[PDB]
Structure formats: structure tokens, C-alpha cells
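Here the protein sequences line up with chains A, B, C and D, keeping their order.
Throughout the first sequence, residue numbering follows PDB author numbering, covering 1 to 20, 22 to 81, 83 to 103, 105 to 131, 132A to 132B, 133 to 331 in sequence.
Throughout the second sequence, residue numbering follows PDB author numbering, covering 1 to 20, 22 to 81, 83 to 103, 105 to 131, 132A to 132B, 133 to 331 in sequence.
Throughout the third sequence, residue numbering follows PDB author numbering, covering 1 to 20, 22 to 81, 83 to 103, 105 to 131, 132A to 132B, 133 to 331 in sequence.
Throughout the fourth sequence, residue numbering follows PDB author numbering, covering 1 to 20, 22 to 81, 83 to 103, 105 to 131, 132A to 132B, 133 to 331 in sequence.
Every residue, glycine too, gets a C-beta built ideally from N, C-alpha and C.
I have placed the structure first, in the form of C-alpha cells, so that the comments after it can refer back to it.
4 protein chains.
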Amino acid sequence: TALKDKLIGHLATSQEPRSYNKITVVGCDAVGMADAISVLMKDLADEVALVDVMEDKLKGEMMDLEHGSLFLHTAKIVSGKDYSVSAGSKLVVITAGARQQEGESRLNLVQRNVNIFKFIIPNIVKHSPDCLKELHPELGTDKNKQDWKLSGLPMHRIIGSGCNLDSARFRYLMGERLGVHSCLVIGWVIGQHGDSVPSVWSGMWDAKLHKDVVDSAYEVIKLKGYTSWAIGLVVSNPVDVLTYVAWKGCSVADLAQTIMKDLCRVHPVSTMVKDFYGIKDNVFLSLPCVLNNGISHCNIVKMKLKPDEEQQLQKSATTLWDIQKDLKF
Amino acid sequence: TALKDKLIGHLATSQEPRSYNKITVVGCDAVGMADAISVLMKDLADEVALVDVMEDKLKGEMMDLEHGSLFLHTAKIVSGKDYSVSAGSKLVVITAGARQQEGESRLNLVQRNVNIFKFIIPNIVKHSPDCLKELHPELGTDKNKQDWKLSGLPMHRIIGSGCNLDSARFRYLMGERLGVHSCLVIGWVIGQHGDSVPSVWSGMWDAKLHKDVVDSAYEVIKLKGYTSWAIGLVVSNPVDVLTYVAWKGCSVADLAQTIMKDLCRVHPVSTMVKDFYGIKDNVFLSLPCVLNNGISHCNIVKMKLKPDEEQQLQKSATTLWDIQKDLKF
Amino acid sequence: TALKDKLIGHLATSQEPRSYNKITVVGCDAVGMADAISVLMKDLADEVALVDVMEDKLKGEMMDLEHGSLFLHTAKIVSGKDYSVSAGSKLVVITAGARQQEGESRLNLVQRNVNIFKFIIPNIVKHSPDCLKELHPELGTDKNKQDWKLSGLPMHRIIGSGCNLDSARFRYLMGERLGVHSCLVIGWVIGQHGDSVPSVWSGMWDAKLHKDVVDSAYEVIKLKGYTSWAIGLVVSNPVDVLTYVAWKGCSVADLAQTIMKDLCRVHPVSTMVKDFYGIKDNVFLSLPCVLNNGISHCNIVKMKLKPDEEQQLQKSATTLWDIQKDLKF
Amino acid sequence: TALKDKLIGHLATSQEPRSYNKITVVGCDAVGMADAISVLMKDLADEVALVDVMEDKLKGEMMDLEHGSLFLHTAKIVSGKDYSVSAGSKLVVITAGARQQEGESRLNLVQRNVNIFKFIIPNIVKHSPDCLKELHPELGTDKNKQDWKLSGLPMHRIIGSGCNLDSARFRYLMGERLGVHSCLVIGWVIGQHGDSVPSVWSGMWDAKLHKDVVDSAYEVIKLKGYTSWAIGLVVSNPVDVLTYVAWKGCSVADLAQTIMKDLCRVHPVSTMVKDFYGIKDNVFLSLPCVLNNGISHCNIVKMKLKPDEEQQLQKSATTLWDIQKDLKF
Ligand SMILES: NC(=O)c1ccc[n+]([C@@H]2O[C@H](COP(=O)([O-])OP(=O)(O)OC[C@H]3O[C@@H](n4cnc5c(N)ncnc54)[C@H](O)[C@@H]3O)[C@@H](O)[C@H]2O)c1
Ligand SMILES: NC(=O)c1ccc[n+]([C@@H]2O[C@H](COP(=O)([O-])OP(=O)(O)OC[C@H]3O[C@@H](n4cnc5c(N)ncnc54)[C@H](O)[C@@H]3O)[C@@H](O)[C@H]2O)c1
Ligand SMILES: NC(=O)c1ccc[n+]([C@@H]2O[C@H](COP(=O)([O-])OP(=O)(O)OC[C@H]3O[C@@H](n4cnc5c(N)ncnc54)[C@H](O)[C@@H]3O)[C@@H](O)[C@H]2O)c1
Ligand SMILES: NC(=O)c1ccc[n+]([C@@H]2O[C@H](COP(=O)([O-])OP(=O)(O)OC[C@H]3O[C@@H](n4cnc5c(N)ncnc54)[C@H](O)[C@@H]3O)[C@@H](O)[C@H]2O)c1
């Protein structure tokens, strides 16, 4: 009659149910699942949201993971296909289906992509008025813009996902030759997320000492610092002898990391380059922006890119825009 | 002219500064400092608040700790003596000066205490309209009520602090004889926080098996299960051959733990016993209440206390109220 | 000539490279990948080992995950197919290929399994002399024995994996009806890991109060407490409308949790039931054993199983052994 | 007869009790207590050791803290006054009594210090053959040497404590003016730990861009970058209007952080400067050394200190040695 009830009574007060911190995920699967595994075990949102047009998977996904539900502590995990559930989320991220096939054409992914991605737009924005969007979906930089202009949430609240991992692998491969690790070995590569991403090796140092200096100069010869980068670009390629990426999931987790908590750190991502170098026509690509509480702490960090590198960044924008131009909106 | 500025520019967006998760502390020192050390390194509040009538200490306190500021990550730590700073906090806790002197009279602490504590009231409540109050201050149970009725925030949002540690030490001393630890060894002692706290050994078990059962019956003879408890009460006493308590700080941290995050777990604390056992006259003491987001998830858990124990709890209320009656409001 | 070198010199001391805490994984994939994601982001082993006969995947696996390598901190992650790399690990776990196909016959998995699993044996044991083995592989209970007797490491160091999650989902589904969660809601189900797993509801309680008591009696009628369990068994089934399990990975992580650290907590697993209830013939199944540093802290916890339940456990052993008997060693 | 026993039986195996990861603390109190609070709640050692000639305090200390024992998870905490308990520890740290009195003479602390510190030596070394020593005790740099030469453990295993916090406060105060925080704002100050500590502002940058550059040049005028540093030195001073330091405890925690785990990161500390700049006579002071598993990963990082700064470091060594010379061994 009141079993659960008689063991657990209430008080005369009654501050009704509610919540506070929200997390929403689009695309229950690899990128998603990986993200979920990362953000869900790390601990962030009061309640998390998963939503797809794959009834089946989600059940199994939301349910089983929920299983562990108990190995850590979150509260609630929701699923569905009507972007009704979330209504009011801070940390929102999307992916979608369209992954590289060994062979290239990551850019091709532009045509076949807007199809589904577009519609996602009206849904995710309407209910997440106070939400910030992170896109793990292909074409970190590119797709970002579409939704943004599409939705038109003031920049700072919109984040693509782009060049986050770029660095890490770069920073990481880096420590191997050093005998120190990704940690202190701070190495930077900034662009947009695909073979060609300019590298700013001029920012190579350890501790309080600048690297180039220690060695002197660079790539055009040397021992192929050149290579380091390329297979950062190439990185994508081989791996999928495994089929895809199933856990760069940390990067995305880190990215929103700053956001949700609101700490103001300097990290890659994709914003708007309109009055900077050559690029002058909204070229949402990979660039330092600083993030925080429901916004990208409105600060894009300016640095002096060596010309070699300098143009490289401008370059990207140039090559990048080609694809949008077509529009197919 | 714009040094910091030229390195760090902004965007055309501009979601002005603000924040989200708040923590406020009263009494920069042991209990406080310990709490701070606990809550601040554990990671919870976006920004933390410290406030006392000890200008000096606080500087050194807020400043130095702030020092580490960098060994973990919070954002901002504020100090002052005008309860203006916090304006709008969720997790608020108070202590105050008045600690036991080897010899007893923890209750004496009632007269000399309301003096300062009272005034604290108007201040902390006026600005923390949406805040919940945890009292590490002496007389967990007792003092609680004063402010509450004083302020009159609907129960669920007001928490004393009382019998939290009671259990742990009890649960803890417990594992020593077992060869398992506080973890799984779930042992309960519930009352109000001072020598006399009734113990409900009937709730002694491990895994899925009830203890008493395994041994059979109990204290009146045995090997002094009796003792276990008493020096749980006594616990206070000796230690101060060290002067006081400088780190039960976890208990308080745990207590609010449920709160801030809002998870709904079952833990001791001090509420209102008005229509339960004998006690019928607002006897805010040590009892299970379940806590959550800006409220004590309005549920006090009912259990069948053996008569021996049964009365013991009623008892406490009886002996406890003596002190208030006098009022001196 | 000495670039990396001139930036980083050494001292006259020289305590050569080495390490300390080791983790080894068999089966780079779901269970594995999930485990890895769990144990690797949680933080445990100084260095981790992955090893399969799937050159490709592992590259992509070890490499990419390694990618994040930098989002947390471990040190080294190794891969190969010669069980040479690990030589000397504490926390070793295996899975293998052979997952349920919607339809049942998890037991069928016995024939098709020993084929590959057997050989794994000589390899993993020869080099991990001081290692403990956890089997996420199908037939938690069953397979366990094979290797064990096979290897013959003294019990306490051998753990199957079996009924870990059993509980959690049970404990978990549990909190839904309560309004409290897996946390405090301690609910037990112990057996071996497949439809039929006996449940000991007699161990149903919250706080310090026993449940059955609160409601009184049980299943044979009621509101189907019966069901709760079955789809704990069924749990497996549906989900794979997703294909399999991709993240119960926590359970395994938790399981070794106690181990690696060596804390002595009470948890399910699979050991040897030889002189307990009816079972008398080495029936390695799901049962409480307590785990710790390179051993299962040699303690299996005895409790009084209601007859209804009582036999149920005995039962399992009976039905379980059928499969081994055949031997096919 | 076997109460605890009958609930918890053992197995025929029996891998006797033991342990693995060890932590030892000298000076139960502020620095110590703070450390303990940090290292003990953070989670590191299997078992921790506290040891003093203050029977009383320790009881209360070890006991009460132990209290929380249950709010996190370690295993065992030991106390005594015979350096017998630890026998075999990795992470060992000492402090001792002799703190600054508002007025200066931190160096005076040399005479009054060796008295007690000396004897500590034979004890702590004899039993911690495989232990590394961190000195939170005054004169980070100075005292370090005494014990070292005293004990003579090969450098890499001996760490003073010196300039750790130096940076943080420096790095930290830093972010205030920036609008980013200690995190990314990597700012370096390296010397020995007392007013005069040279600063290498030439290593001022954010992201991948060097600072000085952005502003151009420096201190001799400017807006007092000079000041920033000095009250880094001064930092010590005022605070003690609070009596001392009660929680820089993180720095020490971080310092050993690298050690215990063995990760190889670049951090301040005190080593031996014998064949570097001017200093040529064992001047154990504040300098980057890289730390790891039971050793300071034998690497001291070389960088080009501007002359202004250049000499400053040499300088320190010069002024520093004065005090030892006297010897009073
Ligand atoms: N942007 C980046 O920095 C970055 C980094 C990693 C991966 N990725 C992107 O993420 C992808 C992940 O590939 P994968 O192999 O792991 O999985 P997958 O592409 O096969 O699965 C895609 C999933 O996206 C979600 N999705 C797709 N269509 C959707 C729709 N209309 N509505 C809502 N959700 C929908 C669903 O969860 C779906 O199962 C890559 O191929 C790439 O597009 C991007
Ligand atoms: N309630 C409980 O469960 C529980 C458990 C532990 C300790 N305690 C209480 O906490 C005390 C801590 O003692 P201690 O030795 O650690 O330190 P302490 O009593 O000497 O310092 C008390 C501090 O309380 C704060 N305080 C005092 N007067 C105040 C005022 N008017 N406004 C604002 N803040 C004020 C200040 O930070 C002050 O320095 C105990 O004596 C007891 O009262 C209670
Ligand atoms: N024991 C339990 O409690 C429990 C719980 C969850 C899942 N599981 C088991 O784990 C399986 C995971 O299935 P999945 O779909 O996630 O992945 P999967 O079965 O398709 O991949 C199996 C993987 O096991 C490893 N493996 C297989 N053969 C091996 C060999 N000869 N040497 C070394 N490693 C080898 C490889 O990493 C391989 O890719 C389930 O089907 C079941 O067998 C068991
Ligand atoms: N080296 C550094 O980087 C650094 C940074 C912070 C503080 N400190 C040092 O730490 C001190 C801490 O001062 P405090 O006010 O916090 O506390 P305190 O000086 O009053 O207490 C000192 C404690 O050191 C231990 N100790 C002293 N004599 C000892 C002996 N013979 N054997 C074993 N242990 C003994 C005891 O725990 C004792 O209570 C400072 O004054 C300074 O010496 C150094």
C-alpha cells in the first residue's frame, strides 16, 4: 500500500523535484558512447541526455551504461527521439553519421552531411535556448558554421570541436622523443582538423625555455619535424584499419570541461575569422578561443605566426571556404 | 597600453561575467580551514566564500590557501566581514568559536554561544535566500534549531551537522575487529552528537547478512559492545590533548556532498522530531533525513528501534530539550 | 646532435628506468576497450598492456586511445601478440570472442570457447607469475575454473568476473521504485551470471532497517518482485538489439579496483564451492569472496540463505556443473 | 568464540598480509597535517606513517583524521616515536619545528635547526633504505643538503621542497591581471625559497606566444613587474599575522605527486649545482630537476637565463652558501 512509502516518508516542506546541471548527447555510439563514457565516469552533469533515430541502440545504450550508472554517480540519463527531453541544457554536443573510409574525401562529407545535420538544427536549438553546442561531427570547423549561422547563437556559446586532439597527438607523439610527456611538453598545432593543418613550431619549448632556440632552426631539411605533423594529419587514416575513432572522446570531454565548469583556459576549437589575417568572410575554423560558463569566454588569443606558418593558417581558410561556397543550404 | 589586452582580445558576443555554483564558509580556521581544505581540493563550488571578524587570519587564510589555488581548480575565493559578498549561495555552513575544554559542559556552550551566533543569523539569511545551512558549530543538533526557527527556512534546506561523524568513527572502529573496513562494514549510531547518543546495533550486518543474528544477542554483558559506543561519545574528549578537532572536516564535506550535487542518499543530520516517538515539541536532533539540491530531499527514514534503543532516541530528545527551554533568545 | 639532450641533461646518480604498477588486457575491443576506457581514465596502473591476434585493431586501438593518453596520466601502454611484453603483472584480465546472439545458449559458448581460451593459458600465466586473473569472458563462473585448474594459481589470486554487474543492475533498477539510488539502496543477487541466478531478497533493507520486514513477506504473488530479478537475467538478451555489451566495463574496473589497491571489500565473483552447501566438486561460480593486493583476501563470506533461496544457490552449482563434466579439455 | 570469524572465513590459499605503497610523515601538525589532508584525501599510499616526539598530538592527530579514514580510502595510518613502523617507504617527507616570526632571519633558522634535524637523519634513513626524502622544513634548499650529504642517498632520490610554491603564487597572482588562470598562464620563478629568489620573466608567455615579446621589454621601470616577485618573497611575511603557513600543503603533495606515481614532469626543487654557472661547491638550491619513481628522474633542465636573471641565480648560490660554511655539523 505504501511499502516504499512507509520506509521513506517526506517532510512538510516540499521543494519539488527539479535539477540543475545538464548534459545532452546526439548520436549514441562510438564518438557519443566514448564521450558518454568519458563525461559520465568523469562526473559533470546532474542528468544526461541521449537522443537518436535508432530506437534500438539507445535502449541498449542508455540502459546498459545506465547499468554501471551505479559505479559512479550522476542521477539521471534520458533517451528519446523528439528533442523534448532536454529542454534547457548547458553542455550540448552533436556528431552524426558520416565517417571517413580509409580513402579520403573527408570534405566530400559536406554534401551527404547537411542533409541530416540541417534538420537536427531547429530541434536542438529550440529547446536548448541556454545551451552551448560542441560538434564532434566530421569537419569540426566546417559543419560548426552551418548550424551556427543556421541557429545564430552568439559565437561564444557555439563550439565546433575541430583542432582539439590535433594538439594532443602532436603534443603527445612529442614527449616520446623527449623523455618527459604530453604534460609539460607543450607543443602547438592549430588549424581546422584535416591534412594540411598548419603547425606553429615556433611555439616549441619546455619549462621556461623556447625550443627552436635550443636546436636553432628548422623544417625544409632537418630530421623531418615535417613528418611529425603530417601523420598528425595522417593520424586519421590508418587507424580505421580499425574502422573509425572510438575514443578521442577525451578531447571533447576536455573541451566542454572548461565550459560546464567555467574556468577560462586557452584551447583550440572553431570560431569566426573575419578581421584577422587574410581570411575575411566568416571562415569558422580551428583557432584558440577561451571557454567558460555557457560561453567561450569571449577571447580569441592573438599570436605572431611565422610567415611560413603565418600564411599556412591564412591558407587553410582559403582552401577551406571552397566547400561552403557551394552552399547547398 | 593593452599588454594583457593585445595578447587576449574578446569577441563581438559578450555574455558578461557571472558564475553558477556557490560555497560560503563561516569561521576561517580549524573546522573551517579543514572544511575548506576538503571541499576546495575535492572540487565543488564555482567560487567559495569565507567571512569573519578576524581581518588578519582571513587575509592569510584566503590568500595562502588561494596560493594552492593552482594545485586544483575552483575559480574564485572571497573574503570579508559584511555578508555582502556571497549574495546568493547554495552550500552555506557555519561554525563559530566555543570548543570543548577537555572537561565537559558541551551543553554549557549554549549560553555563551547564542550571543554571537544569533546576530550571524540576520546576515547569512538575508543574502543567501536560496541557500541551505550546515552547522559544524558545537551542539550540532541544538544550535541548528535556533537559527532555523530564527530564520525559518523550510526544513529541508536547513541542516545542522550533528551525528554525521558519529557513525563513521563507529562504523570505522568497527572494521578493525572485522578485517574489512568502514566501507562495507555498515554500522549505525543515531542521536544528536554527545555522550549518550543512542546506538541501534540491531542494524549490525555485513554484505546481505545481519550481524546480531550471527552472534545472536547483546550488550548488558558480552565483550562490551557497550564500550565501542561510549568512546564514540568519549571520542571528543581525549583528542583535545591536541586542543580540538582539526579534520572531521570530511563529514561536513560529505554531508553537503549529497546537497550541492543533489543525489538523494540517506545520512544523519538534525531535523524536527514532532510527531514520531515520545518527542513532541520541535527537538531538532540527530536523525536520518535524505539530502539533495538546495534541500534535504524531504524524507526522514523511519525504522523500528529496539525498545532498549527505541527509548534511547526518545530519551535524547527529552534530555536535549532541557537546554532550549531556558530560551535566552 | 643532442637537441632533446641539451635541453634535458641527467645527473651522476642514475636509477635506471623501470616501473611499478602493471595492467594487462586481453581482447582489444568492446569489453576490453570499455575496460580500458574505465581503468585508463580512472587511473591505476603505471603502465598498461594490450595483446591480441588482431594486429590491425590494436594499432588503431592502442594508438588512438594512447592519443587521449594526454587527457589523463598513466605513462605507458603496450601492445603485441607474444605475451612477452607484460612479464610481471598484478591486474590481468581476459575476455575473448564468443558473445550471445539474441537467442540463448550462453552455455553453448563452452564448446566453441575452450578452443582459443585454453592456449591463452600457458602464455598469460608463464609471464604473469605474480598476477591475478579477471575473466570478463563469457561464462564468468565457468571459464574461470578452466584456466585456474589449468594454471593452478592459488585461488585468492584468480577471479572470474561473474556476478558483479548482476547486483548493480539489481541494486540499480531497485532505486527507481524507491526514490534513493543504487548508492544506499543495497540489494543483493548472488549466483553465477546467467538466467537462473538465485536472489537473496531476504537481504533487502535501506539504512539500518531490513526491508522484507517493512513489507513483511514475498514473491510467489506480490507485485512481481519475481520479475525484478529475471530481466536481471534477461538484461543480457534485449540490449544486443545493440549487438552486445559495450560498457558494463565499470563492474570489471570496480572488481579489480579492490585488488590493485588492496582494500578488502565484499564483492561477488567466482571461487570454489567444495565444502559448503550441497555443491561438493569444485563448482567455481558467483559468490562473495573479499579481494585485495594480488589476491582475493582469502575470505568468502558466509550467510544464511533462506531455503527458497538457499537451495537456489545449491541449485545453480548443480545445473552449472553439467557443462564441465563433458570436459573436452 | 568466532563471531567476526563465522561471518568471515578464509580460503586454503593464504597469501599473508603485507602491503605495497608507502607514505611517511614527520611532524604531525600544520605543514604535516596539511600535507596529510592533501595526500590522504587525494589518494596515494596504501598505508601512511606519522611519527613524532609529541605523543599526545599524534594520538589525536592520527586518530581523528583516521576518523575521516572512512570518507575516502587508504587502508592504514601508523604513528609512533621510534622510526621502526615505516621500515621501507617510498615517499618520505620531513618538516620540524622552527618557523618564521614575522620579523625575518629565516636563515637564522640554520643554527637552531640542525640540532634536532641532524638526529632525525640516522633514524629516517636506516629504515627507509628505498625511500625518497622531501623536506617541507624551513630552508627548503639549505636543510636539504645537510641530510643528503649526511645520509648520502644518490641525489635523484633526495628532494628538498624549496621553490615549488614560489612559482604557483607567482604563476597565480599572474592570472589575476590576465583573465585566465594559473592553469595555462605558465610563469616561472626559480631560486631557493626566500626573499631574493631570482625570477626568469624572459619565460613569460601564454599559449604558444612569448610574453615579453607582446609587451617588449622590462623591469627597471615599467609598472613594477618587479613588485610581483618581491611579495612572492614577501608572501611569507604578512600571512603569519596568522602565525604561519597551514596549507601550501598542496605544493608538497604535487611535488611527491610525480614521484610516487613516477611520471617525469618538470618542477622546481633543490639539487646540486656544481658544474653549471658560477656556483661550484655543492649548493643545493631551487632548480628544475625532473622527478619519478623513487628518484628525481635524473634530469635537471638547462635554460638560458638572461644575464640580469642569469647572475641572479648564480648570485643566490653565492649568498646562500654563506650559512653552511660555518658548518656546525
Ligand atoms: N569533429 C571532430 O573533431 C571529430 C573527431 C572524431 C570523430 N568525429 C565525427 O564523429 C564521427 C563518429 O564516427 P563513429 O564511427 O564513431 O560512429 P557512427 O558515425 O557510425 O555513428 C554516428 C551516430 O551519430 C548519431 N547521429 C547520426 N545521425 C543523426 C541524426 N540525424 N540525429 C541525431 N543523431 C544522429 C547517432 O548516434 C549515430 O549512430 C566521425 O566519423 C566524424 O563524423 C569528429
Ligand atoms: N557541529 C558539529 O558536528 C561539530 C563537529 C566538529 C566541530 N564542531 C564545532 O566547531 C568548533 C571548531 O573549533 P576549532 O578549535 O576548530 O576552532 P575555533 O573555535 O577556535 O575557531 C572558531 C572560528 O569560527 C568562526 N566564527 C566564530 N565567531 C564567529 C562570528 N561571530 N562570525 C563568523 N564566524 C565566526 C571563525 O572562523 C573563528 O575563528 C568546535 O569547537 C565546535 O563548536 C562542531
Ligand atoms: N564474464 C562476464 O562477466 C562478462 C560480462 C560482459 C561481457 N562478457 C564476455 O565478453 C564478451 C565481449 O563481447 P564484445 O562484443 O564486446 O566483443 P568481441 O567478442 O567481438 O571481441 C572479443 C575480443 O576478445 C579478445 N580475444 C578473443 N580471442 C582472443 C585470443 N585468442 N587471444 C587474446 N585475446 C582474444 C580480442 O580483443 C577480441 O577482439 C562477451 O561476449 C562475453 O564473452 C563477459
Ligand atoms: N621547505 C619549505 O618549502 C617549506 C614551506 C612551508 C613551510 N615550511 C617549514 O615547515 C614549518 C611548519 O610550521 P608550522 O607552523 O606549520 O608548524 P610547527 O613548526 O609549529 O610544528 C613543527 C612539527 O614538525 C615535526 N617535528 C619537529 N621536530 C621534530 C623532530 N625532532 N622529529 C620529528 N618531527 C619533528 C612535528 O610534527 C612538529 O609538531 C615552517 O615553519 C618551515 O620550517 C617549509
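For residue i, which of helix, strand or coil comes out of DSSP?
i: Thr25 of chain C; result: strand
i: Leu3 of chain B; result: helix
i: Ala319 of chain B; result: helix
i: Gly142 of chain B; result: helix
i: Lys83 of chain C; result: coil
i: residue 353 of chain C; result: The question about residue 353 of chain C has no answer, for chain C in this structure spans 1 to 331.
i: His130 of chain D; result: helix
i: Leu112 of chain B; result: helix
i: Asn295 of chain B; result: coil
i: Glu107 of chain C; result: coil
Could you check if residue i belongs to the surroundings of ligand 3, using beta carbon to heavy atom distance under 8 Å?
i: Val247 of chain C; result: yes
i: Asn166 of chain C; result: yes
i: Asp30 of chain C; result: yes
i: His138 of chain C; result: yes
i: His195 of chain C; result: yes
i: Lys250 of chain C; result: yes
Give the residues of chain A in contact with residue i, contact being defined as C-beta atoms less than 8 Å apart.
i: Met305 of chain D; result: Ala209, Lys210 and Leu211
For a contact defined as C-beta to C-beta under 9 Å, what are the partners of residue i on chain D?
i: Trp190 of chain A; result: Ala209 and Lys210
Which chain B residues are close to residue i, counting only those with a beta carbon under 8 Å from its beta carbon?
i: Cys185 of chain D; result: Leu71 and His74
i: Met176 of chain A; result: Result: empty, since nearest Cβ-Cβ is about 24 Å, beyond 8 Å.
Could you work out which residues of chain C lie near residue i, taking near to mean beta carbons separated by less than 8 Å?
i: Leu265 of chain D; result: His74 and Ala76
i: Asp132B of chain A; result: The contacting residues do not exist; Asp132B of chain A stays about 27 Å from chain C at best.
Less than 8 Å between the CB of residue i and some heavy atom of ligand 4, yes or no?
i: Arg101 of chain D; result: yes
i: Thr97 of chain D; result: yes
i: residue 336 of chain D; result: The structure shown does not extend to residue 336 of chain D, since chain D spans only 1 to 331, so no value can be given for it.
Residues of chain A with a CB under 7 Å from the CB of residue i: which are they?
i: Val275 of chain D; result: In chain order: nothing, as chain A lies at least about 16 Å away.
Relative to ligand 1, is the shortest distance from any of its heavy atoms to the C-beta of residue i smaller than 8 Å?
i: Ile123 of chain A; result: yes
i: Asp256 of chain A; result: no
Using the beta-carbon of each residue, which ones in chain D are nearer than 8 Å to residue i?
i: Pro290 of chain A; result: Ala209
Any heavy atom of ligand 2 within a distance shorter than 8 Å of the CB on residue i?
i: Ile119 of chain B; result: yes
Show which residues of chain C have a CB atom less than 9 Å away from the CB atom of residue i.
i: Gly193 of chain B; result: Going along chain C, no residue has its Cβ under 9 Å from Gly193 of chain B, so there is no contact; the nearest lies around 13 Å.
Q) Can you find at least 3 beta carbon pairs, one from the stretch 264-281 of chain D and one from the stretch 289-309 of chain D, that sit closer than 8 Å? A) The way I'd put it, the stretch 264-281 of chain D does touch the stretch 289-309 of chain D; three or more beta-carbon pairs between them come closer than 8 Å.
Q: Go through the stretch 150-208 of chain D residue by residue and report every complete run of the alpha helix (DSSP H) that reaches 4 residues or more, in order.
A: For the stretch 150-208 of chain D, whole alpha helix (DSSP H) runs of length 4 or above, ordered along the chain, are 166-180.
Q) Taking the runs of the alpha helix (DSSP H) that are 4 residues or longer, which of them lie wholly in the stretch 222-288 of chain A? A) List check, alpha helix (DSSP H) in window: 227-235, 238-241 and 251-263.
Q: Examine the Cβ distances between the stretch 149-161 of chain B and the stretch 33-53 of chain D and report whether three or more of them are shorter than 8 Å.
A: No, the stretch 149-161 of chain B is not in contact with the stretch 33-53 of chain D.
(Q) Three or more C-beta pairs under 8 Å: does that hold for the stretch 162-173 of chain D against the stretch 221-240 of chain D? (A) Per the Cβ contact rule, the stretch 162-173 of chain D is in contact with the stretch 221-240 of chain D (3 or more Cβ pairs under 8 Å).
(Q) Tell me whether the stretch 196-203 of chain A and the stretch 281-301 of chain D touch, counting them as touching only if at least three CB pairs, one residue from each stretch, are closer than 8 Å. (A) Segments in contact, no.
Q: Examine the Cβ distances between the stretch 64-79 of chain D and the stretch 108-116 of chain D and report whether three or more of them are shorter than 8 Å.
A: Segment contact: the stretch 64-79 of chain D against the stretch 108-116 of chain D, fewer than three CB-CB distances shorter than 8 Å; contact not assigned.
(Q) Ignoring anything shorter than 4 residues, give me the alpha helix (DSSP H) runs that lie fully in the stretch 29-65 of chain C, in order along the chain. (A) Along the stretch 29-65 of chain C, the alpha helix (DSSP H) occurs as fully enclosed runs of 4 or more residues at 36-43, listed in sequence order.
(Q) Would you call the stretch 31-46 of chain B in contact with the stretch 239-248 of chain B, where contact means no fewer than 3 C-beta pairs closer than 8 Å? (A) Contact holds: three or more Cβ-Cβ distances are below 8 Å.
Q) When the Cβ atoms of the stretch 199-216 of chain B are set against those of the stretch 208-216 of chain C, are three or more pairs found closer than 8 Å? A) Counting C-beta pairs closer than 8 Å gives three or more between the stretch 199-216 of chain B and the stretch 208-216 of chain C, which meets the contact rule.
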